[PDB]
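Since the structure comes first, as structure tokens, the remarks are kept for the end.
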Amino acid sequence: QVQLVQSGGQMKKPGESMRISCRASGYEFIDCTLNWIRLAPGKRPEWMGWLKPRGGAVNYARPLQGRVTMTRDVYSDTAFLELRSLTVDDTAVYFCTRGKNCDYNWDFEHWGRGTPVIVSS
Amino acid sequence: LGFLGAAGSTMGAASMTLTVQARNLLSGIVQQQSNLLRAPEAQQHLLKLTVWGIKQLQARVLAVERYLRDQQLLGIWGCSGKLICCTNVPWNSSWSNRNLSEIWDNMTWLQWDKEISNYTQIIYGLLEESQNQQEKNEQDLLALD
Amino acid sequence: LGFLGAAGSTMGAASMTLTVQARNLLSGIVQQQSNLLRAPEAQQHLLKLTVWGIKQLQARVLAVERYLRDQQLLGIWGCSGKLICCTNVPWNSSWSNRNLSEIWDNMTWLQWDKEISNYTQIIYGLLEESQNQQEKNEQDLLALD
Amino acid sequence: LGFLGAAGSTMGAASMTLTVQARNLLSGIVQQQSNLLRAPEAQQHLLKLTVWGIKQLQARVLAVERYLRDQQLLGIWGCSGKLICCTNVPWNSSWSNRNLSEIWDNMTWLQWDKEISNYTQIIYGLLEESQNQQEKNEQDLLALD
Amino acid sequence: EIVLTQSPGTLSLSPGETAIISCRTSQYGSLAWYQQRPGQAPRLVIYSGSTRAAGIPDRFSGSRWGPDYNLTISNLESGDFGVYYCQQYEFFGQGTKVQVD
Amino acid sequence: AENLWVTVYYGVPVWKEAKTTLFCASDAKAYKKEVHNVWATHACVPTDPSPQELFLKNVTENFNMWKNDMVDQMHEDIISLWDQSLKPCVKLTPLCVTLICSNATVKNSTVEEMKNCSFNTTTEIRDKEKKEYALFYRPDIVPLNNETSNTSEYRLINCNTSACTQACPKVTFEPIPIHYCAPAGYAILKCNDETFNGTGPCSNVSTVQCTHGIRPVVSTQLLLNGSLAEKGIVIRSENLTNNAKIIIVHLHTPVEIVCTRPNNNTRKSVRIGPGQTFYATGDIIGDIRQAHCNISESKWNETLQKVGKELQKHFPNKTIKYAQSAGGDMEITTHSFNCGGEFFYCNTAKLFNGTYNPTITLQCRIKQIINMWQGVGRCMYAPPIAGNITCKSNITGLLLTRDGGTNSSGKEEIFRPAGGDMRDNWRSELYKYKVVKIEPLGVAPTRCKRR
Amino acid sequence: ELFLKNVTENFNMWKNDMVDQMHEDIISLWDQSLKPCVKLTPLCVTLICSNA
Amino acid sequence: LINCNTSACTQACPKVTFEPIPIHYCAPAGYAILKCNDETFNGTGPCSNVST
Ligand SMILES: *[C@@H]1O[C@H](CO)[C@@H](O[C@@H]2O[C@H](CO)[C@@H](O[C@@H]3O[C@H](CO[C@H]4O[C@H](CO[C@H]5O[C@H](CO)[C@@H](O)[C@H](O)[C@@H]5O)[C@@H](O)[C@H](O[C@H]5O[C@H](CO)[C@@H](O)[C@H](O)[C@@H]5O)[C@@H]4O)[C@@H](O)[C@H](O[C@H]4O[C@H](CO)[C@@H](O)[C@H](O)[C@@H]4O)[C@@H]3O)[C@H](O)[C@H]2NC(C)=O)[C@H](O)[C@H]1NC(C)=O
Ligand SMILES: *[C@@H]1O[C@H](CO)[C@@H](O[C@@H]2O[C@H](CO)[C@@H](O[C@@H]3O[C@H](CO[C@H]4O[C@H](CO[C@H]5O[C@H](CO)[C@@H](O)[C@H](O)[C@@H]5O)[C@@H](O)[C@H](O[C@H]5O[C@H](CO)[C@@H](O)[C@H](O)[C@@H]5O)[C@@H]4O)[C@@H](O)[C@H](O)[C@@H]3O)[C@H](O)[C@H]2NC(C)=O)[C@H](O)[C@H]1NC(C)=O
Ligand SMILES: *[C@@H]1O[C@H](CO)[C@@H](O[C@@H]2O[C@H](CO)[C@@H](O[C@@H]3O[C@H](CO)[C@@H](O)[C@H](O)[C@@H]3O)[C@H](O)[C@H]2NC(C)=O)[C@H](O)[C@H]1NC(C)=O
Ligand SMILES: *[C@@H]1O[C@H](CO)[C@@H](O[C@@H]2O[C@H](CO)[C@@H](O[C@@H]3O[C@H](CO)[C@@H](O)[C@H](O)[C@@H]3O)[C@H](O)[C@H]2NC(C)=O)[C@H](O)[C@H]1NC(C)=O
């Protein structure tokens, strides 16, 4: 058994920056991967990133290269996501998830509560 | 299970089931690659210094000491492998003189060798000089001409 | 080098070089006094507690367990020493029925030993029966009159 | 005591007391359940980590390594158990050609095998091929028809 | 910029009926499906093409024959219809969904 | 069938894989003088003076570099040996006090990284304090633009994680090779054949009694001092489409790389206790220049085209493009690199600006409060070395990540350099040498009769 | 003990190793005696004396 | 105190006694000890009266 906690959704205006956090408890963070997933109704889900807390490899998706940023903090056991110059295209819901085991990363057994983001004007 | 399945039974019955001890006297269920258990999962912490590492090493080496010592005591008399053996010297005058009937008819080994315990060294010496006679006679046969 | 020099050769060829495994399954090049190495120079720091010390002792005793267990399993059948043995027991009905020609003409043990693994216990049981029959017959032969 | 009471005697006398070393080659007075010493009293502090604990386990495993290696080298030649053995192989041309009288009359073995040490491997090879010939002949006799 | 697709797109059937879904066409990958949207974050239903995932009802089981890859959904309910997704390696489908009644 | 053929043959060749620990072997000649612990510890064993091998006829066996376990055994063993090396001779540090620095002015000019910094320590008598010049290297101070660093004064970066341990001055650090010989009842199998994809059957197979020497030098995203490939260029990577997994590329030909800490330096002792000796740089002499590296443009460009053309074989019509570092901490993005006790972090942007289808120079920075390995604890503090330091090596391989996102036919494909798991330093050479056990109780029915 | 007939041997006292063995062992046991039960000393502060 | 520019001196355990209580030595199996009973031994050369 394991759970993932999030701070909830935060609504904002077009064309600006924002942050969102997530943490994990149990099944120690320093060994195994994480990932962010985008959920926009009326549009397909699109994988965002996968972060190795062990050494900080990041593999930002090409379509959002540059303006999306991320990091971690081992002692606090958290995961910060950053993005810059948001638009109405990013009207979606965001999740922090983990795979079953620490050798596969495409079949995600544990999902966060979910956190919406809406911008209209 | 060795004798643990047929310990207290009759004398003749015990001789018929002496064989399953060979697995039982060396393997151990828990120390090593047993008939039920293999190497542990978190062996990285077994190899690193731990109290139960010293315990397992002590137990395993003690078992090896035990088996090697008793086999060697049995081996020196030329009885290696042969579960039933036989020696070239009759039995001494004292202790002696007990009838065979009860011993094989109804006795079990638990009550037998307690009186023989203090004299066991004598049987060892007798088997030893028996082996000495046997090996010198082997040398004489080797002396063809 | 043991089988490591002649592992994959023919069925018959394996029997002709079974002997050099005695050195290759007890000594080890590096664990202890070997065919190439001796005691180390800075042994004062090896005897004092060290991370690799427990590794060396574990390796030695594991090799000892490895040799002794299988050597006993071979000994209890009366086959000790005899690099090729023989038993007074037939083979069971199932599994059976494979022709001898290919097994010795061109086959090698690498492709043969897999399928007998699950049935391997049965051979131990039948050999145990053979030893039981043999020891009772030996006891009766001892009974001259 | 073994040759610690009979080392320097005659060759014939040496062969007459080859047996008691079996106790003296495995037991050890102090390491384990000897012929004089049992397990110590304060074993709670023996089992807990201590320098002399590592010394105990080192000594025990070294003795076991030694005895197993020698007994294996002796066994592979078909000489297991037999304190006096015999091989089906001649001796090479060199190093040979010494008169036999002094070797058995008054010679002591301390100065004997000094010059045989460098050639000792050759005897192992000769005994090895002897065992190879013997086992193939055993297989041929086993082949009745 | 798409290589993955699934068929059929939208399906209509009453509660309790059975239907067949498939993902296409030939791109290799470790195939998987994610359950219909209940409203919170979804859950898994299957691994490795044919391995029903832990803590899932037994109404789910797929099949794979090379390019051919199909899934049968049996005994639907009002609490299980919704927007579900097909996973191949990293992409996703086109938007498959099932409506109850 | 006479007697129905039951018998047993002693020995028989047969084997199965099995998890088991391995054993040390290192050239035991020179390091009898390193009584304190170090990688190839003197105790170990002396090496075999006669390594042996044989080629085995017709042996068919499948290797697998990712499934095997001995790499994990080493990742545990070397870490434990590191801890046991920094467990003794280490002076725990009552450092991290209220302190102040300011611009160096060694010459009239200001230095780039150092700052001449006052430091009030404990004197030998616990009641009294005194001031001395001490440690400042800019990456290891918590900054502020005011007349002090931190919110005020300053502190060393360690003191909200764990107590940093002083490295033993007398313990050297040099990566000499080490060997592995499995004990009796075990042996090692070697895949001599070339063009091996890291899995599947390997035909040309030889049995070796003991693994060849390996220098387990730690590093990130630039394999160095590793044994060259057999021929051409190969890509030993467990499946390419699995972009989560890392891609290893190995070179047959070497490329010279050299780096230098050009400045002369000298250490000055400071006392922090009854017998506990601190260390840090005392003074700097001569011309001032940043640490840097030199590399030939032509050979590097040739190697990158060779790697590109060979990896293009795994795709029908796609093209490739390199890029600079992904991002995040300095440890993974920069080129981690070690020589002599001092440490180098080097920016790798200039080495990956190329594209597919005369003396390049690198910027580098020193770091001395190292959060090495896990980043969770066991933080160590190396002592600075006297004089100038120059070090060279043969670059041998690179670590690649395939990025991801949506792709289409005719589009461009992008790789990036990354380090990460230190296990992928030692998986490069030790892909060979499966461990295996032999079970010498083969049986087969054959005619016989005892008597 | 036993006396061995006619045994000839050249004892050599300075070459033998076992003296060094015990010279290491006694020191190690000394350390293992004064490793536990030992109170690390924060002594050496300002002190002042005079004639007793 | 004299110790505080060399190393931290360690307190000796009050409970631990110190006396020169004797110790024997003896070897494991496969090893033995030889003794030179003869007198006037110069520390080298053959010793005749030898006991095990
Ligand atoms: C990849 O592979 C390559 C190729 O093999 C390999 O290249 C070599 O890399 C090393 C650096 O890692 C190069 O540099 C060497 O550095 C030596 C400098 O260290 C000296 O000081 C050490 C500590 O002692 C100091 O401090 C004490 C106390 O303050 C003081 O008393 C001393 O005087 C000294 O100042 C010391 O450990 C070190 O070496 C000694 O000890 C080791 C371990 O016991 C022993 O093995 C050595 O033989 C030596 O006794 C040394 O004393 C440098 O000195 C050394 O040699 C040069 O200087 C000496 C003395 O002046 C000359 O005699 C010699 O001819 C050299 O001029 C050496 O240069 C080394 O040069 C590379 N090899 C080549 C061929 O260039 C890489 O390391 C590998 N790894 C990587 C990551 O690339
Ligand atoms: C490593 O990377 C791989 C990509 O590079 C990645 O992708 C694939 O993963 C699967 C695992 O499920 C591997 O397994 C299979 O490989 C075969 C190889 O093709 C040949 O063999 C098939 C036999 O397959 C039969 O059995 C399977 C069930 O096991 C059925 O689905 C299948 O329909 C068959 O009944 C043979 O049919 C192939 O023949 C051709 O013609 C027939 C008839 O028209 C077609 O039906 C068939 O599709 C094909 O066109 C052929 O002789 C593959 O065909 C299977 O579909 C399946 O993919 C793959 O080997 C692997 N890809 C590669 C290139 O190896 C791995 O998942 C990845 N692994 C990891 C751990 O990350
Ligand atoms: C104590 O430990 C921390 C943790 O490593 C040391 O680093 C500090 O980590 C925090 C993590 O969030 C940094 O936070 C900053 O947040 C702002 C928010 O706007 C962001 O813009 C910055 O880029 C940064 O992420 C913080 O800067 C960083 N440094 C300091 C001095 O707090 C910290 O150095 C350790 N020591 C002390 C005295 O805190
Ligand atoms: C600190 O450690 C030192 C070293 O053992 C302690 O002893 C001091 O050692 C020095 C060594 O040179 C002595 O030097 C003196 O030099 C003069 C030169 O003329 C000579 O005439 C003297 O005979 C002597 O060699 C020094 O006297 C000696 N004692 C002191 C108090 O310095 C020292 O005690 C330790 N403690 C302190 C607080 O220094």
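Letters A, B, ... go to the chains of the structure tokens in the order shown; residues in each chain start at 1; ligands are counted from 1 in the same order.
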Give me the residues within 9 Å of residue 16 (chain A) as a PDB file with C-alpha atoms, in the first residue's frame, counting only C-alpha atoms and dropping any in the same chain fewer than 3 places off.
ATOM      1  CA  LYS A  12      -4.679  31.349 -13.018  1.00  0.00           C
ATOM      2  CA  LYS A  13      -4.622  33.819 -15.969  1.00  0.00           C
ATOM      3  CA  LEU A  83       6.236  25.855 -16.102  1.00  0.00           C
ATOM      4  CA  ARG A  84       6.441  29.291 -17.690  1.00  0.00           C
ATOM      5  CA  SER A  85       4.161  31.262 -20.021  1.00  0.00           C
ATOM      6  CA  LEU A  86       1.046  29.149 -19.594  1.00  0.00           C
ATOM      7  CA  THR A  87      -1.752  29.310 -22.165  1.00  0.00           C
TER       8      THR A  87
END
List all protein, DNA and RNA residues that have any atom at most 6 Å from ligand 2, counting only C-alpha atoms and all ligand atoms, and write the list as a PyMOL selection string. (chain E and resi 28-30+64-67) or (chain F and resi 239+242)
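For the atom pair formed by CA of residue 60 (chain A) and CA of residue 97 (chain E), the distance is 29.2 Å, given to one decimal.
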One number please: CA of residue 383 (chain F) to CA of residue 256 (chain F), in Å, one decimal.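 Calculated distance between CA of residue 383 (chain F) and CA of residue 256 (chain F) is 27.9 Å.
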Write out as a PDB file with N, CA, C and O atoms, in the first residue's frame each polymer residue whose atoms come within 8 Å of region 107-117 of chain C, counting only C-alpha atoms; drop sequence neighbours fewer than 3 positions from it.
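File around-v4.pdb, as written:
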ATOM      1  N   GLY C   8      32.307 -29.558 -23.227  1.00  0.00           N
ATOM      2  CA  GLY C   8      31.410 -29.774 -24.344  1.00  0.00           C
ATOM      3  C   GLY C   8      31.744 -30.927 -25.261  1.00  0.00           C
ATOM      4  O   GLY C   8      31.088 -31.081 -26.295  1.00  0.00           O
ATOM      5  N   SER C   9      32.729 -31.750 -24.923  1.00  0.00           N
ATOM      6  CA  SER C   9      33.175 -32.812 -25.815  1.00  0.00           C
ATOM      7  C   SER C   9      32.150 -33.947 -25.815  1.00  0.00           C
ATOM      8  O   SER C   9      31.054 -33.839 -25.257  1.00  0.00           O
ATOM      9  N   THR C  10      32.508 -35.056 -26.458  1.00  0.00           N
ATOM     10  CA  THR C  10      31.573 -36.150 -26.672  1.00  0.00           C
ATOM     11  C   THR C  10      31.193 -36.820 -25.352  1.00  0.00           C
ATOM     12  O   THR C  10      31.769 -36.561 -24.291  1.00  0.00           O
ATOM     13  N   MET C  11      30.197 -37.704 -25.444  1.00  0.00           N
ATOM     14  CA  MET C  11      29.731 -38.442 -24.276  1.00  0.00           C
ATOM     15  C   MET C  11      30.847 -39.296 -23.686  1.00  0.00           C
ATOM     16  O   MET C  11      31.119 -39.243 -22.482  1.00  0.00           O
ATOM     17  N   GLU C 102      21.926 -41.931 -30.244  1.00  0.00           N
ATOM     18  CA  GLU C 102      22.309 -40.523 -30.287  1.00  0.00           C
ATOM     19  C   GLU C 102      22.873 -40.046 -28.954  1.00  0.00           C
ATOM     20  O   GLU C 102      23.692 -39.121 -28.931  1.00  0.00           O
ATOM     21  N   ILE C 103      22.462 -40.668 -27.845  1.00  0.00           N
ATOM     22  CA  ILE C 103      22.829 -40.160 -26.525  1.00  0.00           C
ATOM     23  C   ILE C 103      24.335 -40.254 -26.315  1.00  0.00           C
ATOM     24  O   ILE C 103      24.926 -39.399 -25.645  1.00  0.00           O
ATOM     25  N   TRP C 104      24.978 -41.290 -26.867  1.00  0.00           N
ATOM     26  CA  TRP C 104      26.425 -41.450 -26.776  1.00  0.00           C
ATOM     27  C   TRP C 104      27.171 -41.119 -28.057  1.00  0.00           C
ATOM     28  O   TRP C 104      28.350 -40.762 -27.986  1.00  0.00           O
ATOM     29  N   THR C 120      14.869 -36.553 -10.737  1.00  0.00           N
ATOM     30  CA  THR C 120      16.153 -36.945 -10.163  1.00  0.00           C
ATOM     31  C   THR C 120      15.982 -37.589  -8.789  1.00  0.00           C
ATOM     32  O   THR C 120      16.733 -38.501  -8.428  1.00  0.00           O
TER      33      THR C 120
ATOM     34  N   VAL F  12      30.482 -35.519 -14.478  1.00  0.00           N
ATOM     35  CA  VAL F  12      29.655 -35.041 -15.586  1.00  0.00           C
ATOM     36  C   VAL F  12      29.735 -33.517 -15.717  1.00  0.00           C
ATOM     37  O   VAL F  12      29.681 -32.811 -14.701  1.00  0.00           O
ATOM     38  N   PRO F  13      29.849 -32.957 -16.928  1.00  0.00           N
ATOM     39  CA  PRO F  13      29.731 -31.498 -17.071  1.00  0.00           C
ATOM     40  C   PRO F  13      28.275 -31.059 -17.141  1.00  0.00           C
ATOM     41  O   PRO F  13      27.508 -31.532 -17.982  1.00  0.00           O
ATOM     42  N   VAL F  14      27.900 -30.150 -16.245  1.00  0.00           N
ATOM     43  CA  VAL F  14      26.593 -29.502 -16.276  1.00  0.00           C
ATOM     44  C   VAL F  14      26.662 -28.294 -15.355  1.00  0.00           C
ATOM     45  O   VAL F  14      27.460 -28.273 -14.412  1.00  0.00           O
ATOM     46  N   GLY F 442      25.842 -35.737 -12.616  1.00  0.00           N
ATOM     47  CA  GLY F 442      25.102 -36.183 -13.779  1.00  0.00           C
ATOM     48  C   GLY F 442      24.860 -37.681 -13.750  1.00  0.00           C
ATOM     49  O   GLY F 442      25.657 -38.457 -13.223  1.00  0.00           O
ATOM     50  N   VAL F 443      23.727 -38.091 -14.323  1.00  0.00           N
ATOM     51  CA  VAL F 443      23.340 -39.495 -14.395  1.00  0.00           C
ATOM     52  C   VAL F 443      22.693 -39.764 -15.745  1.00  0.00           C
ATOM     53  O   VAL F 443      22.170 -38.863 -16.403  1.00  0.00           O
TER      54      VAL F 443
END
Within-8 Å residues of ligand 3, basis only C-alpha atoms and all ligand atoms, as a list in words: residues 73 and 75 of chain A; 142, 143, 150, 155, 157, 158, 159, 160 and 161 of chain F
Can you tell me, as a PyMOL selection string, what residues are no more than 9 Å from residue 132 (chain B) when counting only C-alpha atoms, ignoring any on the same chain fewer than 5 positions away? (chain B and resi 127+137) or (chain D and resi 16-19)
Using only C-alpha atoms, find which residues of chain D lie within 10 Å of chain B and jot them down as a VMD selection string. chain D and resid 15 to 23 25 to 27 32 to 33 47 to 49 53 to 54 56 to 57 60 to 61 63 to 64 67 to 68 80 to 86
Saved selection, atoms kept: N, CA, C and O atoms, as a tab-separated table (two decimals), in the first residue's frame:
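The result, stored in result23.tsv:
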chain	number	residue	atom	x	y	z
D	15	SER	N	55.73	-47.47	9.79
D	15	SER	CA	54.52	-48.04	9.21
D	15	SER	C	53.61	-48.68	10.25
D	15	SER	O	52.41	-48.83	10.00
D	16	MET	N	54.15	-49.07	11.40
D	16	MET	CA	53.39	-49.75	12.44
D	16	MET	C	52.53	-48.82	13.28
D	16	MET	O	51.72	-49.31	14.08
D	17	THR	N	52.70	-47.50	13.15
D	17	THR	CA	51.99	-46.53	13.98
D	17	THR	C	51.40	-45.40	13.15
D	17	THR	O	51.33	-44.25	13.61
D	18	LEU	N	50.96	-45.70	11.93
D	18	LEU	CA	50.42	-44.67	11.05
D	18	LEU	C	48.98	-44.29	11.40
D	18	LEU	O	48.42	-43.42	10.73
D	19	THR	N	48.38	-44.92	12.41
D	19	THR	CA	46.94	-44.81	12.60
D	19	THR	C	46.54	-43.61	13.45
D	19	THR	O	45.65	-42.85	13.08
D	20	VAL	N	47.20	-43.42	14.61
D	20	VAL	CA	46.71	-42.47	15.61
D	20	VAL	C	46.77	-41.02	15.16
D	20	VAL	O	46.25	-40.15	15.86
D	21	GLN	N	47.38	-40.74	14.01
D	21	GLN	CA	47.41	-39.37	13.49
D	21	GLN	C	46.02	-38.89	13.07
D	21	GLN	O	45.80	-37.68	12.99
D	22	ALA	N	45.10	-39.82	12.81
D	22	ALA	CA	43.73	-39.45	12.46
D	22	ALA	C	43.09	-38.61	13.56
D	22	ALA	O	42.44	-37.60	13.29
D	23	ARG	N	43.26	-39.03	14.82
D	23	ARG	CA	42.85	-38.18	15.93
D	23	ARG	C	43.68	-36.91	15.97
D	23	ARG	O	43.14	-35.82	16.21
D	25	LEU	N	45.21	-35.40	13.51
D	25	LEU	CA	45.12	-34.60	12.29
D	25	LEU	C	43.83	-33.79	12.19
D	25	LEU	O	43.76	-32.90	11.33
D	26	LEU	N	42.83	-34.07	13.01
D	26	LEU	CA	41.53	-33.39	12.97
D	26	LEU	C	41.14	-32.74	14.28
D	26	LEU	O	40.54	-31.67	14.27
D	27	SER	N	41.46	-33.36	15.42
D	27	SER	CA	40.87	-32.94	16.68
D	27	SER	C	41.37	-31.56	17.10
D	27	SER	O	40.60	-30.60	17.16
D	32	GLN	N	38.23	-27.10	19.60
D	32	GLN	CA	36.90	-27.69	19.54
D	32	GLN	C	36.84	-28.83	20.56
D	32	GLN	O	37.70	-28.94	21.44
D	33	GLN	N	35.81	-29.67	20.45
D	33	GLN	CA	35.62	-30.77	21.39
D	33	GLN	C	36.75	-31.78	21.22
D	33	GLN	O	36.63	-32.74	20.46
D	47	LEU	N	30.50	-16.20	21.63
D	47	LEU	CA	29.68	-16.03	20.43
D	47	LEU	C	29.60	-14.57	20.02
D	47	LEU	O	29.58	-14.26	18.82
D	48	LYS	N	29.55	-13.65	20.98
D	48	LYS	CA	29.62	-12.23	20.66
D	48	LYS	C	30.97	-11.92	20.04
D	48	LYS	O	31.96	-12.63	20.26
D	49	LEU	N	31.01	-10.85	19.24
D	49	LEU	CA	32.17	-10.58	18.40
D	49	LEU	C	33.43	-10.37	19.23
D	49	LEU	O	33.44	-9.57	20.17
D	53	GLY	N	37.48	-15.14	18.67
D	53	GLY	CA	36.46	-15.86	17.92
D	53	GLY	C	36.84	-16.02	16.46
D	53	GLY	O	36.72	-17.11	15.88
D	54	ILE	N	37.31	-14.94	15.84
D	54	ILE	CA	37.78	-15.01	14.46
D	54	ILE	C	38.97	-15.95	14.38
D	54	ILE	O	39.11	-16.72	13.41
D	56	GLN	N	39.46	-18.61	16.28
D	56	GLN	CA	38.90	-19.95	16.38
D	56	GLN	C	38.38	-20.42	15.03
D	56	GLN	O	38.70	-21.53	14.57
D	57	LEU	N	37.54	-19.60	14.40
D	57	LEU	CA	36.93	-20.02	13.14
D	57	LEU	C	37.98	-20.16	12.05
D	57	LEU	O	37.92	-21.10	11.24
D	60	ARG	N	39.84	-23.53	12.70
D	60	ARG	CA	39.00	-24.68	12.37
D	60	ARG	C	38.88	-24.85	10.87
D	60	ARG	O	39.07	-25.96	10.34
D	61	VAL	N	38.58	-23.77	10.15
D	61	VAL	CA	38.38	-23.89	8.72
D	61	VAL	C	39.69	-24.22	8.01
D	61	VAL	O	39.69	-24.94	7.01
D	63	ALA	N	42.16	-26.09	9.25
D	63	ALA	CA	42.37	-27.51	9.46
D	63	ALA	C	41.46	-28.34	8.56
D	63	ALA	O	41.89	-29.35	7.98
D	64	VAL	N	40.20	-27.93	8.42
D	64	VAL	CA	39.27	-28.66	7.56
D	64	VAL	C	39.73	-28.60	6.11
D	64	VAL	O	39.71	-29.61	5.40
D	67	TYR	N	42.72	-31.05	5.70
D	67	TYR	CA	42.40	-32.47	5.71
D	67	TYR	C	41.60	-32.87	4.48
D	67	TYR	O	41.85	-33.93	3.89
D	68	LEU	N	40.63	-32.04	4.09
D	68	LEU	CA	39.84	-32.37	2.91
D	68	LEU	C	40.71	-32.41	1.67
D	68	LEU	O	40.56	-33.31	0.84
D	80	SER	N	41.52	-44.60	-1.09
D	80	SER	CA	40.78	-44.10	0.07
D	80	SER	C	40.68	-45.16	1.16
D	80	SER	O	40.34	-46.31	0.89
D	81	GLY	N	40.98	-44.75	2.39
D	81	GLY	CA	40.90	-45.65	3.52
D	81	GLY	C	42.13	-46.52	3.70
D	81	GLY	O	42.68	-46.59	4.81
D	82	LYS	N	42.57	-47.17	2.63
D	82	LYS	CA	43.72	-48.06	2.69
D	82	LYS	C	44.96	-47.27	3.09
D	82	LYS	O	45.46	-46.45	2.32
D	83	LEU	N	45.45	-47.50	4.31
D	83	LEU	CA	46.66	-46.83	4.76
D	83	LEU	C	47.87	-47.20	3.92
D	83	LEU	O	48.80	-46.40	3.79
D	84	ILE	N	47.88	-48.41	3.35
D	84	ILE	CA	48.87	-48.84	2.38
D	84	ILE	C	48.14	-49.09	1.07
D	84	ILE	O	47.18	-49.87	1.03
D	85	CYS	N	48.58	-48.42	0.00
D	85	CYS	CA	47.97	-48.52	-1.31
D	85	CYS	C	48.93	-49.17	-2.30
D	85	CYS	O	50.03	-49.62	-1.94
D	86	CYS	N	48.51	-49.22	-3.56
D	86	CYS	CA	49.28	-49.84	-4.62
D	86	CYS	C	48.74	-49.35	-5.94
D	86	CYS	O	47.52	-49.17	-6.08
Can you pull out the residues contacting residue 228 (chain F)? Cut-off 9 Å, using only C-alpha atoms, and skip same-chain residues under 3 positions away; I want them as a list in words. residues 225, 231, 250, 251, 252, 253, 254, 396 and 397 of chain F
Counting only C-alpha atoms and all ligand atoms, what residues are within 9 Å of ligand 4, given as a ChimeraX atom specification? /F:124 /H:1-6
Save the residues we just selected, C-alpha atoms, as an mmCIF file, in the first residue's frame?
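Saved file out_8.cif follows:
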data_model
loop_
_atom_site.group_PDB
_atom_site.id
_atom_site.type_symbol
_atom_site.label_atom_id
_atom_site.label_comp_id
_atom_site.auth_asym_id
_atom_site.auth_seq_id
_atom_site.Cartn_x
_atom_site.Cartn_y
_atom_site.Cartn_z
ATOM 1 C CA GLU F 124 43.925 23.623 22.051
ATOM 2 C CA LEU H 1 47.504 18.660 30.505
ATOM 3 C CA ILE H 2 50.395 17.229 28.494
ATOM 4 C CA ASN H 3 48.143 15.145 26.227
ATOM 5 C CA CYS H 4 46.264 17.942 24.387
ATOM 6 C CA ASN H 5 48.512 18.527 21.483
ATOM 7 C CA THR H 6 48.874 14.831 20.565
#
Kindly work out which residues sit at most 10 Å from ligand 1, using only C-alpha atoms and all ligand atoms, and give the list as JSON, numbers by chain. {"F": [30, 31, 32, 33, 34, 169, 170, 171, 172, 173, 174, 175, 176, 215, 216, 217, 218, 219, 223, 224, 225, 226, 257, 258, 259, 266, 267, 337, 338, 339, 340, 341, 342, 343, 385, 386, 387, 388, 389, 390, 391, 392, 393, 394, 395]}
Can you pull out every residue within 7 Å of residue 100 (chain E), counting only C-alpha atoms, but drop anything in the same chain fewer than 2 positions away, and send it as a list in words?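 Contacts, with the query itself left out: residues 12, 13, 14, 15, 78, 81 and 98 of chain E.
Closest approach to residue 26 (chain H) among D:123, D:4, D:29, D:13: D:29, based on only C-alpha atoms.
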For residue 24 (chain G): contacts at 8 Å, only C-alpha atoms, fewer than 4 positions along chain excluded, given as a PyMOL selection string: (chain C and resi 44) or (chain G and resi 20+28)
Could the residues in this selection be saved with N, CA, C and O atoms as a compact mmCIF listing (two decimals), in the first residue's frame?
# COMPACT_ATOMS: atom_id res chain seq x y z
N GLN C 44 48.51 -9.79 8.92
CA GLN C 44 48.19 -9.17 10.21
C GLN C 44 46.93 -8.33 10.10
O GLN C 44 46.14 -8.26 11.05
N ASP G 20 56.24 -11.74 16.44
CA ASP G 20 55.53 -10.61 15.84
C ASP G 20 54.02 -10.81 15.90
O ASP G 20 53.26 -9.85 16.10
N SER G 28 46.36 -5.27 19.93
CA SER G 28 44.96 -5.26 19.53
C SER G 28 44.04 -5.52 20.72
O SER G 28 43.00 -4.87 20.87
